[PDB]
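Enclosed are the sequence and the experimentally obtained structure.
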Amino acid sequence: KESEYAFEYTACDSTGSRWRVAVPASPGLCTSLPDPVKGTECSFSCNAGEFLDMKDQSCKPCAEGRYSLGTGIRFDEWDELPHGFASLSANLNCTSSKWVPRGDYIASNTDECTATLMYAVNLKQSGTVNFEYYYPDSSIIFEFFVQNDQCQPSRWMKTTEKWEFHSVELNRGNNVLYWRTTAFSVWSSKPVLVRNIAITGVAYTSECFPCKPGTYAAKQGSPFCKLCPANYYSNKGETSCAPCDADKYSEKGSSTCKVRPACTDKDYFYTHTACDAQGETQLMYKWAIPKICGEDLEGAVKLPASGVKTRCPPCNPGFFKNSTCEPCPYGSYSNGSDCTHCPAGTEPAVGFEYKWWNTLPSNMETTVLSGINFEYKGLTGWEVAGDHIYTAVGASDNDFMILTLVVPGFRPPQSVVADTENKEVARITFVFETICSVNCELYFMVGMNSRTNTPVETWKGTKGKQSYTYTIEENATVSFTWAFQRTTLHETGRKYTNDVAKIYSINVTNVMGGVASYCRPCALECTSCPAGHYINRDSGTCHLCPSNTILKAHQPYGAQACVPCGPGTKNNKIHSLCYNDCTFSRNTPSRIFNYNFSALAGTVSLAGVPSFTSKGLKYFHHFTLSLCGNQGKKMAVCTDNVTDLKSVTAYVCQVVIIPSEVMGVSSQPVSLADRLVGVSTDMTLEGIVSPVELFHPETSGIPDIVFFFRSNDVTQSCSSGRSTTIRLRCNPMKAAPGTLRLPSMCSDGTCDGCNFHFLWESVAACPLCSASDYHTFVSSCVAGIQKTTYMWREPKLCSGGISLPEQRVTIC
Amino acid sequence: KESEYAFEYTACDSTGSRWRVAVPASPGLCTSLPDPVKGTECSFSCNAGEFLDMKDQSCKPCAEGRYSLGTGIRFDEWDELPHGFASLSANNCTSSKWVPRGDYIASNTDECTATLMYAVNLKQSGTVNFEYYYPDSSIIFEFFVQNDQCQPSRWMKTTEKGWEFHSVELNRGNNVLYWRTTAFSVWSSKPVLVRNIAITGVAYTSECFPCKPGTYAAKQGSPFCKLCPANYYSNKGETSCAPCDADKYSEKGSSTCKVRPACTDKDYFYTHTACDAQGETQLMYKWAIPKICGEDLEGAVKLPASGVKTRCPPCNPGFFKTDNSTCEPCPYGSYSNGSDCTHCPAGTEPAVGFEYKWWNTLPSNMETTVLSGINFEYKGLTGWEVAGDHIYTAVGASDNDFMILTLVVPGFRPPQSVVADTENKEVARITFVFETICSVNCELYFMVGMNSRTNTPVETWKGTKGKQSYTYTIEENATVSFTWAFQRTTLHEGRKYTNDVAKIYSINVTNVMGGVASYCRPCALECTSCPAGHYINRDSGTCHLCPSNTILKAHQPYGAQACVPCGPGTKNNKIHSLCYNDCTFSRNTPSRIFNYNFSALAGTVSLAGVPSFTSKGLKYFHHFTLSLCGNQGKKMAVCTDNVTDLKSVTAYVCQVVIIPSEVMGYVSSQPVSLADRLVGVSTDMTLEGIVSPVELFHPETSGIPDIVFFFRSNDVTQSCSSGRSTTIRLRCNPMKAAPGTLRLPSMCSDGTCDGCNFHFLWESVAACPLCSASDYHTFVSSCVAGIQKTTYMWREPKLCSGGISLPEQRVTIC
Ligand SMILES: *[C@@H]1O[C@H](CO)[C@@H](O[C@@H]2O[C@H](CO)[C@@H](O)[C@H](O)[C@H]2NC(C)=O)[C@H](O)[C@H]1NC(C)=O
Ligand SMILES: *[C@@H]1O[C@H](CO)[C@@H](O[C@@H]2O[C@H](CO)[C@@H](O)[C@H](O)[C@H]2NC(C)=O)[C@H](O)[C@H]1NC(C)=O
Ligand SMILES: *[C@@H]1O[C@H](CO)[C@@H](O[C@@H]2O[C@H](CO)[C@@H](O)[C@H](O)[C@H]2NC(C)=O)[C@H](O)[C@H]1NC(C)=O
Ligand SMILES: *[C@@H]1O[C@H](CO)[C@@H](O[C@@H]2O[C@H](CO)[C@@H](O)[C@H](O)[C@H]2NC(C)=O)[C@H](O)[C@H]1NC(C)=O
Ligand SMILES: *[C@@H]1O[C@H](CO)[C@@H](O)[C@H](O)[C@H]1NC(C)=O
Ligand SMILES: *[C@@H]1O[C@H](CO)[C@@H](O)[C@H](O)[C@H]1NC(C)=O
Ligand SMILES: *[C@@H]1O[C@H](CO)[C@@H](O)[C@H](O)[C@H]1NC(C)=O
Ligand SMILES: *[C@@H]1O[C@H](CO)[C@@H](O)[C@H](O)[C@H]1NC(C)=O
Ligand SMILES: *[C@@H]1O[C@H](CO)[C@@H](O)[C@H](O)[C@H]1NC(C)=O
Ligand SMILES: *[C@@H]1O[C@H](CO)[C@@H](O)[C@H](O)[C@H]1NC(C)=O
């Protein structure tokens, strides 16, 4: 009978010809089977419609509700590591540092060691791989490279903004696919996620299986089932999703519905309503937008009563108070009642200040990022609360409630733009309060002119009413973004909605089209004064500051603007920065010394002792120094290779250097020195202490010249900012370029954590040979010959300077 | 009909079950086919008993004369790189890939990577059985298999005695096989040969092919049909080889016979017969023993008339002539001039050792063997034949053959005086006349293997040469295998270079147990081991110490003239064996005498030259180890090659070549002794023939003379006629550190501008003179206010160090 036997192909011959043969279902069931007929030759791939019915030698689209795959394999569902996938970790213990199958997505390794996801496939015909990856953090470096059958080697992968797609072509011989991640770029993470692997060409033939539960395929020949929309039921092989009951809610593509939970107080978030014509703002309560709980269920608190009328907060400085806050014309400043017009002489202030929150300003945008799938829903991430701006309730406790301030351009004040040495284009601040309990991370990422976001700061744990001042270094459309995460733990539901960050105000200066609250008093032509000219509002004229004083371009107001230079330094031509001509001059009561470091003016470098990490990676820092001369311009420029695969101008710079062998390599450039506090023989100067105990005691006994630097930047670890001292030591035998030495007891660079103390032993640091630093030996006359000749002192500590006088002979 | 259809297997299912189905030969030929029947599941490999007919499920032995292969694949014919084999070469090395020479494949001689890659989809677990030849150790040959995940006993043994067999297990995954050879061990080659690759487990099933022509399989189910023996005819599929005609000869495993060529005069090699009882030998002619030519063919010269009676050469020194005219050693304790060995007095001593000058027959220790150039196997029949005055180099099977002569010594007895001194490295020597008459591309080899160890080529001569010699000094008592190998040419082609013949006129070896004597040494009477450093006079009969500044030569401690005065600046040690320098020189000028003291420089110091690249991608930088003075003048620089472990020479200066560790993956080799004696220490630039040029190094600013330590090496090589001479120049630098700075000449970075002399320069403060009592300033001061201050102060242009202390200041009232 026709139903008794099922047709079947024969084994391929040398020529590739094949035979289609009827075989009984039971071994030796019956006789009188149909004769064999030839068939296609191993290339019958129908590309996701391949039912490949044996009865008809053609590709017939198969029944609805059945994922047909294709001539390939899909790896969507990563409950565990799918069969054949190898997760290997190697150290250059990382047993736990393998690609963890978190769920529908697999995650990378955060620590600094290799983690390879290996798949070796016998791709019978040429095909492709379509791994869809998420690459947020540039710390981990992520590459995908395929080896041929001979195990022979565009591997490096792009950083992702906004899940990203990729495709690579494959040949027919035993391709092996590597997904490798090593977190060695920064040494400072955030894992890398890949999902939906799609190899093609594996099988030459496939049969369409019933569609997996929780998915539907209404149209026949569907390459893959459509994932079921939320709150809908779906069984395996169903033509379309069946809507679920009201009392039961199902997640996106969930086969089994679950009872809607009882509502709690944690599901609320309170907002201030927009001010009406009456001007009485009312507190309002709104349920979470992805609501899943049921209010009708017993034990669930109803929506709390809201609508208490209270006076609106006054309009922000720069907006004129229909009670709606809107900007008032430029050239005027507002205290809140009404913006008063400025005189022509006084200067308006450009920039945006956001203190009182009645509604999100125009540049403000708020978006939500999910922690389970990492897509930007963007419903409402931060809500206004009048005094502060709240952090709303997300879909889940892992959500990144993202607030973004985007400012297009910064108008530099005329005085600041005049000095090229000044690096400030404008600055931002905040009051990043928190009331967090555990495992939260407030991020403050800055992205200029559509460049990739780089996290300027990342606060963690509970904090207090604080602040932050980032100095923008370039004119660009910046995207100031603040990201709050309730918890790093992955758990179903909302738990830490009470752990709310707050931003009481975000003041930004020097913004084109900005409003003003300060009406700057400037000297009448105000106008750009010539370089290095102080400004008096009443004088209306530009005058040069007195010698040994440097004008601060930030606030060139009054004659008090420019500050006297520190000891041992002289002001440059622009009168902008105190610098040191390469000569120092120390005077003792017996004699006055004189030095000259013009041989040390060139930039010098030093690398610390390579110190291994907790993992197998070893790190050694690199410091670049500029000391004296060259009009006191910062000659040490220090960059970061790793991004290319920032640039800071400073007198001393530190860059971490990952070993070149590991990468197959600089990182974290910082400016250890941005000013010259002073040059003096004293150990302490203006709060910077250079410990004499760190270095070896000086044998000569003459004082050691100490250069006292200081850095402007204030970080989380450094309260007052980095302060570096370069100690100069007189050493006649050592080379003129000298030897640069970090302290012995701490080799990483800062056993204090913020102060980098150096030591420069050279002959240039030795005092200039004075006219009294030699021997006088007088002989009256021996046989009527006066021999008074002058010799250098063998305990020589001087170099250069005056020459030996010629021997003196004069008969008595 | 049964002949109309042939059964066949169906495609394997998920469960592994399979169906056997009869299919008509023609498409739709006829109906009424037999029903399917279940067949074998997955692997059913019969492993060379596999015919696997469809009628019977069991594997059957296929017909005779047919190789059944196995469940794998056999690669045997490398006329071209077989399909699937990849020959990838990386550092032009495009030509430096594995060349398919013929039945065997060869490696790359130059110094760059050459990989033979084969990637196989091994369905079931199996093995790879590659038979390889690894003569030279300069190339390093690795065989390592990568699994399906491309994941990594890689290094392979050296081969002697011919060809060796290796097997490695394999897995089910797609396995790729690497045969990699890089010639980066010694930098000084000889290729590496592999044959008969035999993968198993590839296909789960094979069909019984007919056996290739030129081979036979008489027994059914033969795993591989045997190669046809020589001079026999064989066609494909024949049950057994058919003997070939007399007129046509066929090589081993040759399907088609070839007519025997006409004989030429080049096929002869002449020999001297053994000395008969009459005592008159005769020249004899024997045809080339693997004869392939025909004498009956026209144009071929017959065997030359031989048998001219001439007197046998006299017996070698140490063998007594017999009435039977046969040479045989005579009793120990006597020396022979040839007529008869005269008994020696107890006061004189026999000389242990073997001398071979006159060739009537191969002595007992001699063996001669032939190595073929086509199959590299030791036929061993007769390579070198005797010719009276010289030992000939007879004709091999082919024109690429290695006619190998071997000398074997049981062990060497050190003379009592020599063994007394541990510093002496002499255990035995050797010598030869190594004439040649070669035309092109020959290579006389001299390899030495002691105590049955592996053979290392001590020397390798090439091209035409003349009557010469060589004196290798054996470094240890052992069983040595002195081997000579002569190759007619490197070109692979018949024989045409029978005229170009190496000859060895004499092979003298000293200090051999059971050895015969021709010199009857004179010792002083109790000859017994004299106390260390005692000269010997045969008439005196007493051991006396040599006078100071003289060192006794342990090789020839005869007479009072044995010990030679030491060179300038040196003093003899306690043993009076070697001149050494206590770390102090003393140069005197007419104005003042200097005094140095180098005790800070006694420790061994090292230096590496500037890394210089090869013509290929490899770069080499040398490593020199120096020992200068003190420590009783014992050679503190021991230098050894790493790579052989993956020799050790004691010398004052040693050069070793450091191949970079990155290339090897972990490497120093070619050690040599640049200095074995101290000729003398002097401020003169030339001393006893060693010249240390002043132009090489920068001129001295101080102006005081620079000491030039004058060394010298005993070894004489092909490149160095007189032996390497190294001079260490010491320069006074007050600023330089006490260990000092060591610098090679700037003109030649490799180390030697000349090619044999290594001049160094050591700048340090230790080389500076000791501060003399006259190397400072005296400054008399007449009493000013009745105060005299004649204080003493060092000279500002200081060039001294250490020495006398600066005197205290003077204060005396006038
Ligand atoms: C520091 O020493 C230098 C060298 O003696 C002084 O002289 C200058 O040297 C530089 C090269 O280093 C030359 O280019 C200048 O022409 C030299 N003269 C001057 C006036 O600069 C140098 O003057 C010393 N420093 C000071 C401040 O006097
Ligand atoms: C990254 O950039 C730095 C320079 O900023 C490079 O550093 C040099 O590396 C070489 C090789 O080790 C050293 O010889 C130099 O002394 C280094 N100079 C400095 C200033 O660091 C480094 O090579 C770059 N990394 C790359 C190209 O991978
Ligand atoms: C050269 O210098 C070394 C040390 O710098 C001297 O060595 C001393 O030798 C005496 C005996 O002669 C010992 O008692 C001392 O203990 C040695 N010194 C040290 C530090 O161990 C040596 O004498 C000097 N002169 C010569 C010719 O070698
Ligand atoms: C080959 O041998 C030489 C000396 O026998 C080794 O040279 C020293 O190796 C150590 C460790 O590798 C280094 O720290 C030294 O700097 C090397 N030189 C000296 C003078 O000590 C060499 O390492 C050996 N190479 C290998 C691969 O074993
Ligand atoms: C180190 O390896 C051992 C395996 O012996 C493992 O038990 C341990 O957890 C590893 N260390 C860490 C920090 O995981
Ligand atoms: C930011 O604060 C400064 C503090 O002096 C103030 O002058 C400035 O006006 C503020 N920014 C704006 C845009 O108002
Ligand atoms: C620089 O500032 C101007 C003025 O705000 C702005 O229009 C421009 O886009 C900025 N430069 C860039 C981002 O190229
Ligand atoms: C360099 O390689 C080329 C192949 O591109 C080859 O033709 C040439 O002979 C090589 N050079 C030498 C010196 O062999
Ligand atoms: C080797 O040559 C030397 C030459 O001095 C000779 O005295 C000695 O007898 C020779 N060897 C033998 C074993 O005769
Ligand atoms: C050393 O020489 C003796 C001489 O009789 C010999 O028997 C012995 O085998 C030699 N040493 C070795 C290790 O073979």
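Received the coordinates, thanks. Numbering: from 1, shown residues only, chains lettered A, B, ... in the order given. Ligands and ions are numbered 1, 2, ... in the order given.

Compute the distance between the closest residue to ligand 9 within the stretch 651-800 of chain A and ligand 4, please.
As assessed by CB to the nearest ligand atom, ligand 9 sits closest to residue A:661 within the stretch 651-800 of chain A, at 58.1 Å. All C-beta spots, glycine's among them, are computed from the backbone N, C-alpha and C. Distance, residue A:661 to ligand 4, using CB to the nearest ligand atom, to the nearest Å: 16 Å.

Then residue A:44?
For residue A:44, the distance to ligand 4 - CB to the nearest ligand atom - is 57 Å.

Quick check, residue A:673 in contact with residue A:651.
Yes - under the criterion of CB atoms under 8 Å, residue A:673 makes contact with residue A:651 at 4.0 Å.

joint contacts of these two?
Residues touching both residue A:673 and residue A:651 (CB atoms under 8 Å, 6 or more residues apart in numbering or on different chains) are residue A:709.

Which of the helices or strands spans the residue of the stretch 651-800 of chain A closest to ligand 9?
helix A:660-663 (DSSP states H and E).

Tell me which stretches of the stretch 551-700 of chain A form helices.
Per DSSP state H, counting those that start in this stretch, the stretch 551-700 of chain A carries helices over the ranges A:641-644, A:660-663.

Flag every buried residue along the first one.
The neighbour-count criterion (16 or more other CB atoms under 10 Å in any protein chain shown) identifies residue A:642 as the buried residues of helix A:641-644.

any idea how chain A splits into domains?
Using automatic domain parsing, the domain parsing of chain A gives A:5-38, A:72-200, A:276-303+A:313-520, A:598-762, A:769-812.

now the ones you listed as a markdown table including distance to ligand 2?
What follows is the domains of chain A, written out as a markdown table (distance: least, CB to the nearest ligand atom, whole Å):
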| stretch | distance to ligand 2 |
| --- | --- |
| domain A:5-38 | 51 |
| domain A:72-200 | 12 |
| domain A:276-303+A:313-520 | 19 |
| domain A:598-762 | 4 |
| domain A:769-812 | 28 |
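
On the C-terminal side of the host helix or strand of residue A:447, identify the next helix or strand.
Assessed by DSSP H and E, residue A:447 sits inside strand A:441-448. Next in sequence after strand A:441-448, counting helices and strands by DSSP H and E, comes strand A:454-460.

Tell me the residues of the stretch 351-500 of chain A that contact ligand 7?
A:408, A:409, A:449, A:475, A:476, A:477 (CB under 6 Å from any ligand atom).

export the residues you listed to TSV and tack on neighbour count and secondary structure?
Shown next, in TSV, are those (neighbours: other CB atoms under 10 Å in any protein chain shown; DSSP: H, G, I helix; E, B strand; the rest coil):
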residue	neighbour count	secondary structure
A:408	13	coil
A:409	17	coil
A:449	12	coil
A:475	17	coil
A:476	18	coil
A:477	14	coil
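
now the strands: where do they sit in the stretch 51-200 of chain A?
Secondary structure of the stretch 51-200 of chain A by DSSP state E, counting those that start in this stretch: the strands cover A:72-75, A:86-90, A:106-107, A:114-121, A:128-129, A:132-134, A:141-147, A:168-169, A:175-182, A:193-195, A:197-200.

Adjacent strands (with direction) for the fifth one?
On the basis of DSSP bridges, the sheet neighbours of strand A:128-129 come out as strand A:168-169 (antiparallel).

and the strand it pairs with, how far out from the chain's middle?
In terms of CA atoms, centre = their mean, to the nearest Å, the centre of strand A:168-169 is set 31 Å apart from its chain centre.

that older thread, nearest to ligand 10, of the strands of the stretch 51-200 of chain A?
Nearest of the strands of the stretch 51-200 of chain A (CB to the nearest ligand atom): strand A:86-90, 47.1 Å.

Can that closest one be said to contact ligand 5?
No - against ligand 5, strand A:86-90 shows no contacts by CB under 6 Å from any ligand atom, the least distance being 11.2 Å.

helices or strands up against that strand?
Contact here means 3 or more CB pairs under 8 Å, 6 or more residues apart in numbering or on different chains; DSSP states H and E; on that basis strand A:86-90 packs against strand A:114-121.

Neighbouring strands - and their directions - for the strand it packs on?
Looking at strand A:114-121 with DSSP bridges, its partner strands are strand A:86-90 (antiparallel), strand A:175-182 (antiparallel).

Could you single out the most deeply buried of the ones you listed?
Among those, strand A:175-182 has the highest mean neighbour count (mean count of other CB atoms under 10 Å in any protein chain shown), at a mean of 22.

quick one on the thing from earlier: can you give the distance of the strand holding residue A:447 from its chain's centre?
Counting by CA atoms, centre = their mean, strand A:441-448 comes out at 8 Å from the chain centroid.

picking that back up, any chance of the strands paired with strand A:114-121 in CSV with distance to residue A:297 as columns?
As requested, these are arranged in CSV below (distance: least, CB to CB, whole Å):
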stretch, distance to residue A:297
strand A:86-90, 43
strand A:175-182, 45
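
so can I have JSON lines of the ones you listed showing distance to ligand 9?
Listed next are the strands paired with strand A:114-121 as JSON lines, based on distance: least, CB to the nearest ligand atom, whole Å:
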{"stretch": "strand A:86-90", "distance to ligand 9": "63"}
{"stretch": "strand A:175-182", "distance to ligand 9": "67"}
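
residues from chain A in reach of ligand 1?
A:581, A:582, A:583, A:596, A:598.

Let me know whether residue A:416 touches residue A:551 as I believe.
No - at 10.8 Å, residue A:416 does not count as touching residue A:551 under the criterion of CB under 8 Å.

who's more crowded, these two?
residue A:551 (26 against 19; other CB atoms under 10 Å in any protein chain shown).

May I have the residues that are in contact with that one?
So residue A:551 contacts A:532, A:533, A:534, A:545, A:561, A:562, A:575, A:576 (CB under 8 Å, 6+ apart).

I'd like those as CSV, with distance to residue A:328 and neighbour count appended.
Compiled in CSV, the contacts of residue A:551 are given as follows (distance: CB to CB, whole Å; neighbours: other CB atoms under 10 Å in any protein chain shown):
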residue, distance to residue A:328, neighbour count
A:532, 36, 23
A:533, 33, 19
A:534, 32, 24
A:545, 37, 19
A:561, 30, 19
A:562, 35, 22
A:575, 38, 22
A:576, 36, 21
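
circling back: among the strands of the stretch 51-200 of chain A, which comes closest to residue A:224?
strand A:72-75 (7.1 Å; CB to CB).

elements contacting that closest one?
Against strand A:72-75 (3+ CB pairs under 8 Å, 6+ apart) you get strand A:197-200.

Quick check: next helix or strand after the strand it packs on?
strand A:215-216.

and for the next helix or strand after that next one, what are the contacting residues?
Reading on from strand A:215-216 to the C-terminus, the next helix or strand found by DSSP H and E is strand A:226-227. Contacting residues not belonging to strand A:226-227 are listed as A:214, A:215, A:216, A:217, A:218, A:252, A:253 [CB under 8 Å, 6+ apart].

what helices or strands is the very next helix or strand once past strand A:226-227 leaning on?
Using DSSP H and E, the next helix or strand after strand A:226-227 towards the C-terminus is strand A:232-233. Contact partners of strand A:232-233 among helices and strands, from 3+ CB pairs under 8 Å, 6+ apart: strand A:242-243.

The helix or strand following the strand it packs on: partners in the sheet, and parallel or antiparallel?
The element immediately downstream of strand A:242-243 (helix or strand, assigned by DSSP H and E) is strand A:248-249. Strand pairing for strand A:248-249, using DSSP bridges, gives strand A:258-259 (antiparallel).

Contacts for the partner strand next, please.
For strand A:258-259, with CB under 8 Å, 6+ apart as the criterion, the contacting residues are A:247, A:248, A:249, A:250.

Spell out the secondary structure type for residue A:712.
Recorded secondary structure, residue A:712: coil (DSSP: H, G, I helix; E, B strand; the rest coil).

Tell me the spacing between the nearest residue to it once chain neighbours are set aside and ligand 3.
Spatial nearest neighbour of residue A:712, chain neighbours left out: residue A:674 (5.0 Å); criterion: CB to CB, 6 or more residues apart in numbering or on different chains. In this view, residue A:674 and ligand 3 are 52 Å apart by CB to the nearest ligand atom.

Thanks a lot, catch you later.
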